[PDB]
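Have a look at final16.pdb; it's PDB, C-alpha atoms and all ligand atoms:
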ATOM      1  CA  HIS A 982     -63.387 148.421  10.406  1.00  0.00           C
ATOM      2  CA  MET A 983     -64.881 144.944  10.753  1.00  0.00           C
ATOM      3  CA  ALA A 984     -62.017 143.144   9.005  1.00  0.00           C
ATOM      4  CA  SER A 985     -59.489 144.710  11.407  1.00  0.00           C
ATOM      5  CA  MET A 986     -61.277 144.159  14.729  1.00  0.00           C
ATOM      6  CA  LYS A 987     -58.860 142.433  17.108  1.00  0.00           C
ATOM      7  CA  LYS A 988     -59.308 139.818  19.830  1.00  0.00           C
ATOM      8  CA  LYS A 989     -58.355 140.181  23.466  1.00  0.00           C
ATOM      9  CA  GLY A 990     -55.966 137.425  24.483  1.00  0.00           C
ATOM     10  CA  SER A 991     -56.502 134.710  27.055  1.00  0.00           C
ATOM     11  CA  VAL A 992     -55.506 134.850  30.695  1.00  0.00           C
ATOM     12  CA  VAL A 993     -52.228 132.958  31.079  1.00  0.00           C
ATOM     13  CA  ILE A 994     -50.766 131.104  34.056  1.00  0.00           C
ATOM     14  CA  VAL A 995     -47.255 132.496  34.569  1.00  0.00           C
ATOM     15  CA  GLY A 996     -46.456 131.064  37.996  1.00  0.00           C
ATOM     16  CA  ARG A 997     -47.770 129.718  41.268  1.00  0.00           C
ATOM     17  CA  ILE A 998     -47.544 130.194  45.016  1.00  0.00           C
ATOM     18  CA  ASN A 999     -45.931 127.084  46.499  1.00  0.00           C
ATOM     19  CA  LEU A1000     -47.619 126.138  49.777  1.00  0.00           C
ATOM     20  CA  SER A1001     -46.512 122.498  49.663  1.00  0.00           C
ATOM     21  CA  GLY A1002     -43.785 122.501  52.312  1.00  0.00           C
ATOM     22  CA  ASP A1003     -42.878 124.472  55.415  1.00  0.00           C
ATOM     23  CA  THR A1004     -42.064 127.727  53.571  1.00  0.00           C
ATOM     24  CA  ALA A1005     -44.246 129.636  51.117  1.00  0.00           C
ATOM     25  CA  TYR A1006     -42.605 131.091  48.023  1.00  0.00           C
ATOM     26  CA  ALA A1007     -43.621 132.231  44.557  1.00  0.00           C
ATOM     27  CA  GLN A1008     -42.426 130.373  41.463  1.00  0.00           C
ATOM     28  CA  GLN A1009     -42.518 131.771  37.951  1.00  0.00           C
ATOM     29  CA  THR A1010     -43.204 129.197  35.230  1.00  0.00           C
ATOM     30  CA  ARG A1011     -43.317 131.431  32.133  1.00  0.00           C
ATOM     31  CA  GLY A1012     -41.651 134.679  31.124  1.00  0.00           C
ATOM     32  CA  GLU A1013     -43.231 137.750  29.575  1.00  0.00           C
ATOM     33  CA  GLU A1014     -42.387 136.839  25.973  1.00  0.00           C
ATOM     34  CA  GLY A1015     -43.887 133.367  26.296  1.00  0.00           C
ATOM     35  CA  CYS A1016     -46.806 134.875  28.198  1.00  0.00           C
ATOM     36  CA  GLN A1017     -47.560 137.276  25.341  1.00  0.00           C
ATOM     37  CA  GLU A1018     -47.359 134.451  22.794  1.00  0.00           C
ATOM     38  CA  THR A1019     -49.483 132.145  24.950  1.00  0.00           C
ATOM     39  CA  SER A1020     -52.125 134.839  25.475  1.00  0.00           C
ATOM     40  CA  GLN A1021     -52.521 135.280  21.709  1.00  0.00           C
ATOM     41  CA  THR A1022     -52.823 131.589  20.823  1.00  0.00           C
ATOM     42  CA  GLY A1023     -54.548 130.478  24.003  1.00  0.00           C
ATOM     43  CA  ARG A1024     -52.436 127.314  23.795  1.00  0.00           C
ATOM     44  CA  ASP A1025     -50.536 126.575  27.026  1.00  0.00           C
ATOM     45  CA  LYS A1026     -48.732 123.231  27.278  1.00  0.00           C
ATOM     46  CA  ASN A1027     -47.064 124.021  30.617  1.00  0.00           C
ATOM     47  CA  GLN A1028     -47.739 121.677  33.518  1.00  0.00           C
ATOM     48  CA  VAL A1029     -49.883 123.216  36.258  1.00  0.00           C
ATOM     49  CA  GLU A1030     -49.419 122.567  39.972  1.00  0.00           C
ATOM     50  CA  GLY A1031     -50.752 123.894  43.248  1.00  0.00           C
ATOM     51  CA  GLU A1032     -53.727 125.827  44.548  1.00  0.00           C
ATOM     52  CA  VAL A1033     -52.793 129.470  43.836  1.00  0.00           C
ATOM     53  CA  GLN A1034     -51.787 130.452  40.306  1.00  0.00           C
ATOM     54  CA  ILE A1035     -50.174 133.700  39.234  1.00  0.00           C
ATOM     55  CA  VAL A1036     -51.970 134.864  36.091  1.00  0.00           C
ATOM     56  CA  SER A1037     -51.432 137.633  33.574  1.00  0.00           C
ATOM     57  CA  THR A1038     -53.058 139.320  30.607  1.00  0.00           C
ATOM     58  CA  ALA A1039     -51.273 141.560  28.129  1.00  0.00           C
ATOM     59  CA  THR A1040     -51.645 144.472  30.567  1.00  0.00           C
ATOM     60  CA  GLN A1041     -52.352 143.141  34.090  1.00  0.00           C
ATOM     61  CA  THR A1042     -51.138 140.492  36.516  1.00  0.00           C
ATOM     62  CA  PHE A1043     -53.033 139.027  39.473  1.00  0.00           C
ATOM     63  CA  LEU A1044     -53.824 135.684  41.130  1.00  0.00           C
ATOM     64  CA  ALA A1045     -56.235 132.786  40.598  1.00  0.00           C
ATOM     65  CA  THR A1046     -57.295 130.235  43.217  1.00  0.00           C
ATOM     66  CA  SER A1047     -58.705 126.735  42.725  1.00  0.00           C
ATOM     67  CA  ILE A1048     -61.615 125.828  45.008  1.00  0.00           C
ATOM     68  CA  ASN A1049     -63.705 122.680  44.435  1.00  0.00           C
ATOM     69  CA  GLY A1050     -62.501 122.173  40.896  1.00  0.00           C
ATOM     70  CA  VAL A1051     -62.949 125.783  39.749  1.00  0.00           C
ATOM     71  CA  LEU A1052     -60.114 128.263  39.194  1.00  0.00           C
ATOM     72  CA  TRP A1053     -61.519 131.527  40.569  1.00  0.00           C
ATOM     73  CA  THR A1054     -60.296 135.081  40.022  1.00  0.00           C
ATOM     74  CA  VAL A1055     -61.591 138.665  39.860  1.00  0.00           C
ATOM     75  CA  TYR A1056     -63.558 140.179  36.997  1.00  0.00           C
ATOM     76  CA  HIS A1057     -61.581 143.429  37.169  1.00  0.00           C
ATOM     77  CA  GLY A1058     -58.502 141.413  36.214  1.00  0.00           C
ATOM     78  CA  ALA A1059     -59.823 138.780  33.831  1.00  0.00           C
ATOM     79  CA  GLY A1060     -62.913 140.436  32.372  1.00  0.00           C
ATOM     80  CA  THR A1061     -64.771 137.910  30.217  1.00  0.00           C
ATOM     81  CA  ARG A1062     -61.496 136.464  28.904  1.00  0.00           C
ATOM     82  CA  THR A1063     -60.740 132.833  28.186  1.00  0.00           C
ATOM     83  CA  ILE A1064     -57.833 131.122  29.940  1.00  0.00           C
ATOM     84  CA  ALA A1065     -55.073 129.438  27.953  1.00  0.00           C
ATOM     85  CA  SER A1066     -54.879 125.660  28.272  1.00  0.00           C
ATOM     86  CA  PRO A1067     -53.234 122.667  26.560  1.00  0.00           C
ATOM     87  CA  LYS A1068     -56.191 122.321  24.156  1.00  0.00           C
ATOM     88  CA  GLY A1069     -56.676 126.036  23.489  1.00  0.00           C
ATOM     89  CA  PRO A1070     -58.692 128.855  25.052  1.00  0.00           C
ATOM     90  CA  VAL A1071     -61.223 127.776  27.673  1.00  0.00           C
ATOM     91  CA  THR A1072     -64.377 129.836  28.158  1.00  0.00           C
ATOM     92  CA  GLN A1073     -65.341 131.028  31.612  1.00  0.00           C
ATOM     93  CA  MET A1074     -67.603 128.660  33.525  1.00  0.00           C
ATOM     94  CA  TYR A1075     -68.794 131.444  35.830  1.00  0.00           C
ATOM     95  CA  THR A1076     -69.026 135.210  35.326  1.00  0.00           C
ATOM     96  CA  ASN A1077     -70.510 137.632  37.879  1.00  0.00           C
ATOM     97  CA  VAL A1078     -69.611 141.306  37.525  1.00  0.00           C
ATOM     98  CA  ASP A1079     -71.778 142.137  40.551  1.00  0.00           C
ATOM     99  CA  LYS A1080     -69.401 140.146  42.768  1.00  0.00           C
ATOM    100  CA  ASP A1081     -66.272 140.907  40.702  1.00  0.00           C
ATOM    101  CA  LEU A1082     -65.936 137.149  40.224  1.00  0.00           C
ATOM    102  CA  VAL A1083     -65.133 134.815  37.348  1.00  0.00           C
ATOM    103  CA  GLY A1084     -64.214 131.155  37.129  1.00  0.00           C
ATOM    104  CA  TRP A1085     -62.919 128.498  34.749  1.00  0.00           C
ATOM    105  CA  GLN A1086     -62.701 124.732  35.064  1.00  0.00           C
ATOM    106  CA  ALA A1087     -59.611 124.082  37.168  1.00  0.00           C
ATOM    107  CA  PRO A1088     -56.628 123.092  34.974  1.00  0.00           C
ATOM    108  CA  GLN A1089     -55.537 119.469  34.965  1.00  0.00           C
ATOM    109  CA  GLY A1090     -52.805 119.125  37.570  1.00  0.00           C
ATOM    110  CA  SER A1091     -54.010 121.884  39.872  1.00  0.00           C
ATOM    111  CA  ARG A1092     -54.994 121.160  43.467  1.00  0.00           C
ATOM    112  CA  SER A1093     -58.233 122.589  44.845  1.00  0.00           C
ATOM    113  CA  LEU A1094     -58.764 124.096  48.273  1.00  0.00           C
ATOM    114  CA  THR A1095     -61.845 122.938  50.154  1.00  0.00           C
ATOM    115  CA  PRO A1096     -64.340 125.560  51.395  1.00  0.00           C
ATOM    116  CA  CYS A1097     -63.991 126.405  55.071  1.00  0.00           C
ATOM    117  CA  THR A1098     -66.610 125.043  57.455  1.00  0.00           C
ATOM    118  CA  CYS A1099     -64.835 126.043  60.688  1.00  0.00           C
ATOM    119  CA  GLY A1100     -66.526 129.428  61.057  1.00  0.00           C
ATOM    120  CA  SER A1101     -63.229 130.799  62.364  1.00  0.00           C
ATOM    121  CA  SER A1102     -62.462 134.525  62.223  1.00  0.00           C
ATOM    122  CA  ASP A1103     -58.653 134.125  62.316  1.00  0.00           C
ATOM    123  CA  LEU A1104     -57.704 134.263  58.639  1.00  0.00           C
ATOM    124  CA  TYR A1105     -54.551 134.336  56.524  1.00  0.00           C
ATOM    125  CA  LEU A1106     -54.190 136.151  53.200  1.00  0.00           C
ATOM    126  CA  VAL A1107     -51.758 134.779  50.604  1.00  0.00           C
ATOM    127  CA  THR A1108     -50.193 137.386  48.306  1.00  0.00           C
ATOM    128  CA  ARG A1109     -48.477 137.048  44.937  1.00  0.00           C
ATOM    129  CA  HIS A1110     -45.135 137.372  46.771  1.00  0.00           C
ATOM    130  CA  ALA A1111     -46.032 134.381  48.988  1.00  0.00           C
ATOM    131  CA  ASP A1112     -46.513 136.562  52.055  1.00  0.00           C
ATOM    132  CA  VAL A1113     -49.015 135.006  54.482  1.00  0.00           C
ATOM    133  CA  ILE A1114     -50.718 137.970  56.154  1.00  0.00           C
ATOM    134  CA  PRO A1115     -52.785 137.460  59.334  1.00  0.00           C
ATOM    135  CA  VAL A1116     -56.252 138.964  58.883  1.00  0.00           C
ATOM    136  CA  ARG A1117     -59.034 139.163  61.481  1.00  0.00           C
ATOM    137  CA  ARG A1118     -62.451 138.661  59.919  1.00  0.00           C
ATOM    138  CA  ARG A1119     -64.648 141.708  60.560  1.00  0.00           C
ATOM    139  CA  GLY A1120     -67.742 140.834  58.502  1.00  0.00           C
ATOM    140  CA  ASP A1121     -69.109 138.619  55.776  1.00  0.00           C
ATOM    141  CA  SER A1122     -66.711 140.208  53.279  1.00  0.00           C
ATOM    142  CA  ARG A1123     -64.242 142.252  55.362  1.00  0.00           C
ATOM    143  CA  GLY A1124     -61.085 141.530  57.313  1.00  0.00           C
ATOM    144  CA  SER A1125     -58.523 143.732  59.031  1.00  0.00           C
ATOM    145  CA  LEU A1126     -54.780 143.415  58.624  1.00  0.00           C
ATOM    146  CA  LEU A1127     -53.149 142.683  61.969  1.00  0.00           C
ATOM    147  CA  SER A1128     -50.075 144.582  60.719  1.00  0.00           C
ATOM    148  CA  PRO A1129     -51.065 147.326  58.227  1.00  0.00           C
ATOM    149  CA  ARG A1130     -48.950 147.752  55.070  1.00  0.00           C
ATOM    150  CA  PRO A1131     -48.787 150.139  52.107  1.00  0.00           C
ATOM    151  CA  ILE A1132     -51.276 149.122  49.423  1.00  0.00           C
ATOM    152  CA  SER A1133     -48.267 148.522  47.165  1.00  0.00           C
ATOM    153  CA  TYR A1134     -47.702 145.229  48.984  1.00  0.00           C
ATOM    154  CA  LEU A1135     -51.235 144.030  48.140  1.00  0.00           C
ATOM    155  CA  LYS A1136     -51.411 145.236  44.524  1.00  0.00           C
ATOM    156  CA  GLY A1137     -51.553 142.297  42.141  1.00  0.00           C
ATOM    157  CA  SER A1138     -52.876 139.831  44.725  1.00  0.00           C
ATOM    158  CA  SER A1139     -56.573 140.047  43.844  1.00  0.00           C
ATOM    159  CA  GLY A1140     -57.848 136.548  43.194  1.00  0.00           C
ATOM    160  CA  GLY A1141     -55.704 135.080  45.959  1.00  0.00           C
ATOM    161  CA  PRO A1142     -57.091 133.184  48.920  1.00  0.00           C
ATOM    162  CA  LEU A1143     -58.046 134.024  52.450  1.00  0.00           C
ATOM    163  CA  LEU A1144     -57.509 130.834  54.460  1.00  0.00           C
ATOM    164  CA  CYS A1145     -58.658 129.640  57.876  1.00  0.00           C
ATOM    165  CA  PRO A1146     -56.249 128.086  60.425  1.00  0.00           C
ATOM    166  CA  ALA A1147     -56.974 124.651  58.938  1.00  0.00           C
ATOM    167  CA  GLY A1148     -55.993 125.744  55.420  1.00  0.00           C
ATOM    168  CA  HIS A1149     -59.545 125.945  54.052  1.00  0.00           C
ATOM    169  CA  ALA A1150     -60.665 128.582  51.547  1.00  0.00           C
ATOM    170  CA  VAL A1151     -62.547 131.376  53.310  1.00  0.00           C
ATOM    171  CA  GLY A1152     -62.716 133.845  50.433  1.00  0.00           C
ATOM    172  CA  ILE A1153     -61.150 135.410  47.352  1.00  0.00           C
ATOM    173  CA  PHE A1154     -59.246 138.689  47.797  1.00  0.00           C
ATOM    174  CA  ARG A1155     -61.097 141.430  45.924  1.00  0.00           C
ATOM    175  CA  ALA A1156     -60.188 144.932  47.104  1.00  0.00           C
ATOM    176  CA  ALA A1157     -58.083 146.827  49.647  1.00  0.00           C
ATOM    177  CA  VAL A1158     -59.418 149.380  52.137  1.00  0.00           C
ATOM    178  CA  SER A1159     -56.776 152.063  52.631  1.00  0.00           C
ATOM    179  CA  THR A1160     -56.388 155.574  54.012  1.00  0.00           C
ATOM    180  CA  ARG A1161     -53.273 157.590  53.130  1.00  0.00           C
ATOM    181  CA  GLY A1162     -51.999 154.675  51.060  1.00  0.00           C
ATOM    182  CA  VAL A1163     -51.783 152.326  54.063  1.00  0.00           C
ATOM    183  CA  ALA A1164     -53.913 149.191  53.795  1.00  0.00           C
ATOM    184  CA  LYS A1165     -55.884 148.635  57.009  1.00  0.00           C
ATOM    185  CA  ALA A1166     -58.512 146.136  55.811  1.00  0.00           C
ATOM    186  CA  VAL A1167     -59.406 143.878  52.894  1.00  0.00           C
ATOM    187  CA  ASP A1168     -62.622 143.219  50.978  1.00  0.00           C
ATOM    188  CA  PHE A1169     -63.085 139.649  49.772  1.00  0.00           C
ATOM    189  CA  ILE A1170     -65.595 137.402  48.027  1.00  0.00           C
ATOM    190  CA  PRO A1171     -66.807 134.953  50.717  1.00  0.00           C
ATOM    191  CA  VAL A1172     -66.469 131.289  49.823  1.00  0.00           C
ATOM    192  CA  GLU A1173     -70.229 130.926  50.360  1.00  0.00           C
ATOM    193  CA  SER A1174     -70.848 133.213  47.381  1.00  0.00           C
ATOM    194  CA  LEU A1175     -68.721 130.787  45.380  1.00  0.00           C
ATOM    195  CA  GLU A1176     -70.572 127.752  46.741  1.00  0.00           C
ATOM    196  CA  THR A1177     -73.843 129.493  45.869  1.00  0.00           C
ATOM    197  CA  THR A1178     -72.712 130.276  42.325  1.00  0.00           C
ATOM    198  CA  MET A1179     -71.703 126.629  41.944  1.00  0.00           C
TER
HETATM  199  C1  LIG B1201     -64.714 146.406  35.626  1.00  0.00           C
HETATM  200  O1  LIG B1201     -65.585 145.470  36.222  1.00  0.00           O
HETATM  201  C2  LIG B1201     -65.581 145.470  37.624  1.00  0.00           C
HETATM  202  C3  LIG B1201     -66.732 144.820  38.396  1.00  0.00           C
HETATM  203  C4  LIG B1201     -66.729 144.814  39.920  1.00  0.00           C
HETATM  204  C5  LIG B1201     -65.550 145.481  40.696  1.00  0.00           C
HETATM  205  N1  LIG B1201     -65.528 145.485  42.175  1.00  0.00           N
HETATM  206  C6  LIG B1201     -64.431 146.099  42.892  1.00  0.00           C
HETATM  207  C7  LIG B1201     -64.423 146.102  44.428  1.00  0.00           C
HETATM  208  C8  LIG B1201     -63.283 146.750  42.102  1.00  0.00           C
HETATM  209  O2  LIG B1201     -62.210 147.362  42.786  1.00  0.00           O
HETATM  210  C9  LIG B1201     -61.161 147.806  41.895  1.00  0.00           C
HETATM  211  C10 LIG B1201     -60.231 146.937  41.614  1.00  0.00           C
HETATM  212  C11 LIG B1201     -59.714 146.590  43.040  1.00  0.00           C
HETATM  213  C12 LIG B1201     -58.381 146.253  43.330  1.00  0.00           C
HETATM  214  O3  LIG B1201     -57.473 146.958  43.059  1.00  0.00           O
HETATM  215  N2  LIG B1201     -58.177 144.992  44.044  1.00  0.00           N
HETATM  216  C13 LIG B1201     -56.852 144.515  44.533  1.00  0.00           C
HETATM  217  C14 LIG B1201     -55.819 144.220  43.437  1.00  0.00           C
HETATM  218  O4  LIG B1201     -54.741 143.808  43.724  1.00  0.00           O
HETATM  219  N3  LIG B1201     -56.134 144.367  42.037  1.00  0.00           N
HETATM  220  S1  LIG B1201     -54.926 143.968  40.912  1.00  0.00           S
HETATM  221  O5  LIG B1201     -54.508 142.578  41.060  1.00  0.00           O
HETATM  222  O6  LIG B1201     -53.701 144.738  41.157  1.00  0.00           O
HETATM  223  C15 LIG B1201     -55.531 144.346  39.225  1.00  0.00           C
HETATM  224  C16 LIG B1201     -56.005 145.766  38.875  1.00  0.00           C
HETATM  225  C17 LIG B1201     -56.294 143.205  38.543  1.00  0.00           C
HETATM  226  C18 LIG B1201     -54.875 143.570  38.079  1.00  0.00           C
HETATM  227  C19 LIG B1201     -56.383 143.849  45.827  1.00  0.00           C
HETATM  228  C20 LIG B1201     -56.136 145.346  45.612  1.00  0.00           C
HETATM  229  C21 LIG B1201     -54.721 145.833  46.006  1.00  0.00           C
HETATM  230  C22 LIG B1201     -54.416 147.132  45.966  1.00  0.00           C
HETATM  231  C23 LIG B1201     -55.464 148.165  45.503  1.00  0.00           C
HETATM  232  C24 LIG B1201     -55.063 149.592  45.914  1.00  0.00           C
HETATM  233  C25 LIG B1201     -55.720 150.665  45.005  1.00  0.00           C
HETATM  234  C26 LIG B1201     -57.214 150.306  44.675  1.00  0.00           C
HETATM  235  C27 LIG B1201     -58.081 150.373  45.978  1.00  0.00           C
HETATM  236  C28 LIG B1201     -59.496 149.832  45.709  1.00  0.00           C
HETATM  237  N4  LIG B1201     -60.259 149.847  46.934  1.00  0.00           N
HETATM  238  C29 LIG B1201     -61.703 149.559  46.905  1.00  0.00           C
HETATM  239  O7  LIG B1201     -62.298 149.595  45.873  1.00  0.00           O
HETATM  240  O8  LIG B1201     -62.359 149.257  48.133  1.00  0.00           O
HETATM  241  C30 LIG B1201     -63.701 149.323  48.101  1.00  0.00           C
HETATM  242  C31 LIG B1201     -64.374 148.004  47.783  1.00  0.00           C
HETATM  243  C32 LIG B1201     -65.161 148.105  49.072  1.00  0.00           C
HETATM  244  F1  LIG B1201     -65.024 147.009  49.873  1.00  0.00           F
HETATM  245  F2  LIG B1201     -66.454 148.488  48.871  1.00  0.00           F
HETATM  246  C33 LIG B1201     -64.288 149.268  49.506  1.00  0.00           C
HETATM  247  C34 LIG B1201     -59.390 148.378  45.186  1.00  0.00           C
HETATM  248  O9  LIG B1201     -58.958 147.496  45.866  1.00  0.00           O
HETATM  249  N5  LIG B1201     -59.839 148.033  43.792  1.00  0.00           N
HETATM  250  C35 LIG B1201     -60.313 148.911  42.844  1.00  0.00           C
HETATM  251  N6  LIG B1201     -63.313 146.740  40.659  1.00  0.00           N
HETATM  252  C36 LIG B1201     -64.431 146.125  39.932  1.00  0.00           C
HETATM  253  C37 LIG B1201     -64.426 146.137  38.377  1.00  0.00           C
HETATM  254 ZN    ZN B1202     -61.979 126.238  58.166  1.00  0.00          ZN
END
Any chance you could give the structure as structure tokens?
Amino acid sequence: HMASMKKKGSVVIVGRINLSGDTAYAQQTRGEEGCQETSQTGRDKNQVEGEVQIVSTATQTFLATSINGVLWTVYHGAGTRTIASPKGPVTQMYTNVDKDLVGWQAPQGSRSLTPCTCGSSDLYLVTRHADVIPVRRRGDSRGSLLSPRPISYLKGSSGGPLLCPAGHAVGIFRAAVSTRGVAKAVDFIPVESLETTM
């Protein structure tokens, strides 16, 4: 019935990948209970830091990456959802289901990566567990893992960054190419698609 139709909650920042120092490690900033509450209200007073956020809905968890003042993530994680923020839910600034890409204004306190201009093919994928995985670029939107891994190790890292040697954003992790459950290559949204959308 119309009176009973419910609302999907907002995406919620529940942690971050710390790349500040010499060692990368994940930090959680909100537990499940607070996450559920924050997703319903859309009101998130937590301080935000860093470039790579860990984000969750009521049913999924993935990553979000700030590039040039926009917090980017994948449509198959976020859908058309708002993101929780100190002033309430924030509507998506970008939505492209054809690229599996969405974006919101980057939260106050976040740091943005700058798009890569090096043209280098030696990349590094950052996972939700703060693993930094060497990836060789194989195409506009493909890269091969130098050391293959079960897909289990990549699950939940969509929306994370592929970086160049200089630490620039090369793309947003979108999908894993696997055979027999072993991930051999990754599919990603090139940063140029982002720069075009912007
Ligand atoms: C509904 O609207 C839309 C619109 C456009 C969409 N466009 C894409 C490409 C897509 O793909 C889905 C989701 C994605 C995925 O699971 N992404 C990662 C992830 O972690 N998600 S996640 O965080 O856990 C989660 C669900 C958000 C919470 C990183 C991968 C890690 C492990 C996956 C293993 C099993 C899956 C292997 C699979 N493989 C593959 O499809 O490869 C091919 C794409 C190609 F290049 F053509 C070849 C794969 O990767 N996906 C399947 N859904 C779309 C949906
Ligand atoms: Zn670069």
How big is the axis-aligned box around the listed atoms of ligand LIG 1201 (chain B) once 8 Å is added on each side, and where is its centre? Give both in Å to one decimal, as AutoDock Vina command-line options.
--center_x -60.2 --center_y 146.6 --center_z 42.7 --size_x 29.0 --size_y 24.1 --size_z 30.2
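CA of residue 1073 (chain A) is found 25.6 Å from atom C33 of ligand LIG 1201 (chain B).
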Exercise: region 1055-1067 of chain A partners within 10 Å, only C-alpha atoms, chain neighbours under 3 positions left out, as number ranges by chain: A: 988-994, 1016, 1019-1029, 1036-1038, 1040-1045, 1052, 1070-1086, 1088-1089, 1137, 1139-1141, 1153-1156, 1170
The PyMOL selection byres (((chain A and resi 1120) around 10) and not hetatm) resolved against shown file, as a compact mmCIF listing (two decimals) with C-alpha atoms, in the coordinates of the input:
# COMPACT_ATOMS: atom_id res chain seq x y z
CA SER A 1102 -62.46 134.52 62.22
CA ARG A 1117 -59.03 139.16 61.48
CA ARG A 1118 -62.45 138.66 59.92
CA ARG A 1119 -64.65 141.71 60.56
CA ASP A 1121 -69.11 138.62 55.78
CA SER A 1122 -66.71 140.21 53.28
CA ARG A 1123 -64.24 142.25 55.36
CA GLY A 1124 -61.08 141.53 57.31
CA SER A 1125 -58.52 143.73 59.03
CA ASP A 1168 -62.62 143.22 50.98
CA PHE A 1169 -63.08 139.65 49.77
CA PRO A 1171 -66.81 134.95 50.72
Using all atoms listed in the file, find each residue with an atom at most 12 Å away from ligand ZN 1202 (chain B) and format the answer as a ChimeraX atom specification. /A:1094-1105,1143-1152,1172
Expansion of the PyMOL selection byres (((chain A and resi 1011) around 8) and not hetatm) into residues, as a list in words: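 So the PyMOL selection byres (((chain A and resi 1011) around 8) and not hetatm) ends up selecting residues 994, 995, 996, 1009, 1010, 1012, 1013, 1015 and 1016 of chain A.
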So, counting all atoms listed in the file, which residue among A:1107, A:1128, A:1001, A:1176 is closest to ligand LIG 1201 (chain B)? A:1107
Which value, in Å to one decimal, gives the distance between CA of residue 1017 (chain A) and CA of residue 1033 (chain A)?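 So the two atoms, CA of residue 1017 (chain A) and CA of residue 1033 (chain A), lie 20.7 Å apart.
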Written as a list in words, what is the full residue list that the PyMOL selection byres (((chain A and resi 1111) around 7) and not hetatm) yields on the file shown?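 Applying the PyMOL selection byres (((chain A and resi 1111) around 7) and not hetatm) to the structure shown produces residues 998, 1005, 1006, 1007, 1107, 1108, 1109, 1110, 1112 and 1113 of chain A.
With CA of residue 1161 (chain A) on one side and CA of residue 1132 (chain A) on the other, the separation reads 9.5 Å.
With only C-alpha atoms as the atoms that count, the residue of A:1035, A:1116, A:1087, A:1163 with the shortest distance to residue 1049 (chain A) is A:1087.
Minimum atom-to-atom distances from A:1004, A:985, A:1178, A:1159 to ligand LIG 1201 (chain B) were compared using only C-alpha atoms and all ligand atoms, and the lowest value belongs to A:1159.
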Using all atoms listed in the file, which protein or nucleic acid residues come within 9 Å of residue 1126 (chain A)? Drop anything in the same chain fewer than 4 positions from it, and give the result as a list in words.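 That gives residues 1114, 1115, 1116, 1117, 1130, 1164, 1165, 1166 and 1167 of chain A.
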Distance criterion (all atoms listed in the file): nearest to ligand LIG 1201 (chain B) out of A:986, A:1051, A:1158, A:1000: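 Smallest distance to ligand LIG 1201 (chain B) is found for A:1158.
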May I ask which of the residues A:1174, A:1138, A:1046, A:1034 is the closest one to ligand LIG 1201 (chain B), counting all atoms listed in the file? A:1138
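Nearest to ligand LIG 1201 (chain B) of all the residues A:1133, A:999, A:1091, A:1177 is A:1133, based on all atoms listed in the file.
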